[PDB]
Amino acid sequence: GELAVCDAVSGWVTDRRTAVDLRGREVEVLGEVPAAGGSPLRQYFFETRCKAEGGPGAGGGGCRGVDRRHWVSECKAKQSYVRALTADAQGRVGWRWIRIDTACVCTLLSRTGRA
Amino acid sequence: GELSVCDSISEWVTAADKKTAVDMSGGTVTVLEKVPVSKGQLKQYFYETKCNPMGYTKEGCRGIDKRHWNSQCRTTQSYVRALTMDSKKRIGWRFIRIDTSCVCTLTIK
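Sequences listed follow chains W and S, in order. FYI, in the numbering used here the residues of the first sequence are 2 to 116. FYI, in the numbering used here the residues of the second sequence are 164 to 272.
What follows is the structure, given as structure tokens:
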């Protein structure tokens with residue numbers, strides 16, 4: 002009988018056309034890896050994101066269970082690096098470490114103990 | 164920079180330190196040391212993130228409303244593709260599960 006503080010969604014991502022690398026730059030992500038032999042290997046990932054441009058004023062969407070009286074919170078996605086065949090800004094193709102989303106975590110923005 | 168409800172640590176794990184792993188279908192596979200690429204070979208490393216055992220959120224996650232809930236920071240897994248070899252010696256790219264986050268979970272009392 003437990004519950005998530007941030008609602009996440011997990012699945013196959015076949016539409017990731019770009020990603021940020023180890024160095025913080027943006028690289029393009031190829032759809033297929035030329036594997037030695039007959040058919041090319043397909044490049045796709047498995048990622049976890051947040052289930053979270055909304056009416057003005059409104060907002061105030063924090064994490065479930067955080068003391069709204071002490072904290073301003075927000076569910077944000079977390080990254081992990083995976084190796085992927087990609088192309089950089091100048092065209093060089095190659096294997097680089099890229100950030101994909103592997104979780105939806107709660108972030109505390111400001112305040113504390115009834116300040 | 165950012166402040167999470169749960170403390171976590173991350174590290175580059177070598178294939179040698181993760182020689183066998185469980186794949187999507189629930190099977191055990193052997194993770195290879197090197198992945199062949201045209202022009203050479205790359206070493207297989209994994210980037211894992213788990214709850215920090217030397218941190219401040221062992222008792223409960225930060226900022227939770229103690230008046231209505233209990234909390235717990237737990238390491239969660241996710242699938243990452245790797246060049247593996249199954250029990251029948253077949254070499255192939257499979258999705259194995261590795262530690263990727265440390266998330267909070269609410270519980271009553």
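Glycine included, every Cβ here is placed at the ideal spot set by N, Cα and C.
Where S/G255 is concerned, the enclosing beta strand (DSSP E) starts and stops at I254 to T270. The C-alpha of W/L23 lies about 20 Å from the C-alpha of S/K213. Here W/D89 is near W/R26, since their CB atoms are less than 8 Å apart. As a beta-bridge residue in DSSP terms, W/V106 pairs with W/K77.
Per DSSP, the continuous beta strand (DSSP E) segment holding W/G12 begins and ends at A9 to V14.
Remark: C-beta atoms of W/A53 and W/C76 approach each other more closely than 8 Å. Put simply, the CB of S/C267 is near chain W, with a gap under 8 Å to one of its CB atoms. In this structure, W/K79 and W/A104 form a Cβ contact; the two beta carbons are roughly 4 Å apart against a cut-off of 8 Å. Residues of the segment 31-44 of chain W with a C-beta atom less than 8 Å from some C-beta of chain S are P35, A37 and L42, listed in chain order. Here S/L166 is near W/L109, since their CB atoms are less than 8 Å apart. Contact between the segment 24-43 of chain W and the segment 173-192 of chain S is absent: fewer than 3 CB-CB pairs across the two stretches fall below 8 Å.
In the three-state reduction of the DSSP assignment, S/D180 falls in the helix class, which pools H, G and I.
Proximity of S/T220 to chain W, defined by a Cβ-Cβ separation below 8 Å, is not satisfied.
In this structure, the straight-line span from the alpha carbon of W/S11 to that of W/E48 is close to 6 Å. Nearest CB-CB separation between W/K52 and chain S: not below the 8 Å threshold.
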